[PDB]
Amino acid sequence: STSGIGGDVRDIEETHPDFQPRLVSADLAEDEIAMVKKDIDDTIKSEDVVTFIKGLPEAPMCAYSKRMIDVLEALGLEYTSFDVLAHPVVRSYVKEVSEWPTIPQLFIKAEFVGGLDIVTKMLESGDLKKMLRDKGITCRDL
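Per the deposited record, determination of this structure is attributed to solution NMR.

As structure tokens, then:
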């Protein structure tokens, strides 16, 4: 037993699995929840704006997930979208970069901006529009 104490602590080091877990599957890997996949690391740098949702923007699975795509329509700009339920890389990245995830959730230029409650303040203040206009982009504005 650990008993809240130790000596020589069993020293572990992060590398991605070479074999399966037995009779119980896992969605997260020890290297993967410490470093994002290099194809996704280039993708977040290749996009100017990224969002992830309960489902897909044509078929949302939550009311708050729908409300975000209607707020993207209120701005007249839509951004590059991923389903948190289909691939566990999405729920892993959002947890690691934002600390505490609340979906649907938004990122700009590989940096964390906010959940729907926060995006709402930024959109309702024109503060979201300041950054997208600094990126040379035209939105609907209110």
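That shown, we press on.
A. Geometry of unusual backbone geometry. Residues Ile103 and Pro104 are joined by a peptide bond in cis, for which omega reads 0°. Relative to the assigned elements, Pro104 resides in the loop between α3 (88-98) and β5 (105-108). Despite not being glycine, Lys109 has its phi angle at roughly 45°, a positive value. Here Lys109 shows up in the loop between β5 and β6 (111-115).

B. Summary view of the packing of aromatic side chains. Taken as a whole, this structure holds four aromatic pairs when the rule is applied. Ring centres of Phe52 and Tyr93 lie 6.3 Å apart, and the angle between their planes is 65°; on these two criteria the pair is classed as edge-to-face. With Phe52 in strand β1 (residues 49-53) and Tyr93 in helix α3, this residue pair connects regions lying 41 residues apart in the sequence. A relative accessible area of 9% places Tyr93 in the buried class. With a centroid separation of 5.1 Å and 40° between ring planes, the pair formed by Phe107 and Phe112 is classed as tilted. A network of ring pairs unites the aromatic residues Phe52, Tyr93, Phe107 and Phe112 as a single cluster.

C. Structural view of the nonpolar core. In this structure, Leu75, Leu77, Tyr79, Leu106, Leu128 and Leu132 are the most contacted members of the largest nonpolar core, which totals 15 residues. Examining the composition of this core, we find that three residues originate from one element, helix α2 (residues 63-74), more than from any other. If sequence neighbours within four positions are ignored, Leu106 has contacts with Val49, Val50, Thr51, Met68, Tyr79, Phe112, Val113, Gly114 and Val119. Core analysis: the next-biggest nonpolar cluster, separate from the first, contains eight residues, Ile44, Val50, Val90 and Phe107 among them.

D. Region of interest: the pairing of β6. Direction of pairing for β5 relative to β6: antiparallel, over a ladder of four bridges. Counterpart to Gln105 in the pairing with β6 is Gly115. Where β5 hands over to β6, the hairpin turn is made up of two residues, of which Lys109 adopts a positive phi near 45°.

E. Quick look at the packing of α2 against helix α4 (residues 116-124). It is the contact of α2 with α4, at a shortest axis distance of 11 Å, that shows an interaxial angle of 25°. Here α2 is positioned roughly parallel relative to α4, judged by the angle of their axes. For the element pair α2 and α4, the recorded crossing hand is left-handed. Facing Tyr64, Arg67, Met68 and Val71 of α2, the residues of α4 in contact are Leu116, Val119 and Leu123. Per-class residue counts for the contact of α2 with α4 are six nonpolar, no polar and one charged.

F. Structural detail: the sheet that holds β6. In space, the four strands of this open sheet follow the order β4-β1-β5-β6, with mixed pairing throughout. In this open sheet, the two edge strands, each paired with only one partner strand, are β4 (80-83) and β6. With strand direction ignored, the average angle separating the axes of adjacent strands in the sheet is 25°. In this fold α4 packs onto β5 and β6, with an angle of close to 95° to the strand it touches most, β6.

Rules behind the numbers
- Residues numbered from 1 in each chain as written, not as in the entry; some residues may be left out.
- Heavy atoms only, no water.
- Helix = DSSP H or I, 4+ residues; strand = E, 2+ residues; numbered from the N terminus.
- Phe/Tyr/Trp six-rings, centres within 6.5 Å; stacked < 30°, edge-to-face > 60°.
- Buried < 20%, exposed > 50% of the residue type's maximum accessible area, 1.4 Å probe, protein only.
- Core = buried A, V, L, I, M, F, W, Y, C linked by side-chain atoms within 4.5 Å.
- Contact = heavy atoms within 4.5 Å.
- Pairing = 2+ DSSP bridges.
- Axes fitted to C-alpha atoms, helices over the stretch in contact; angles between N-to-C directions.
- Parallel < 35°, antiparallel > 145°, perpendicular 65-115°, else oblique.
- Left-handed = near helix turned anticlockwise from the far one by under 90°.
- Nonpolar A, V, L, I, M, F, W, Y, C, P; charged D, E, K, R; others polar.

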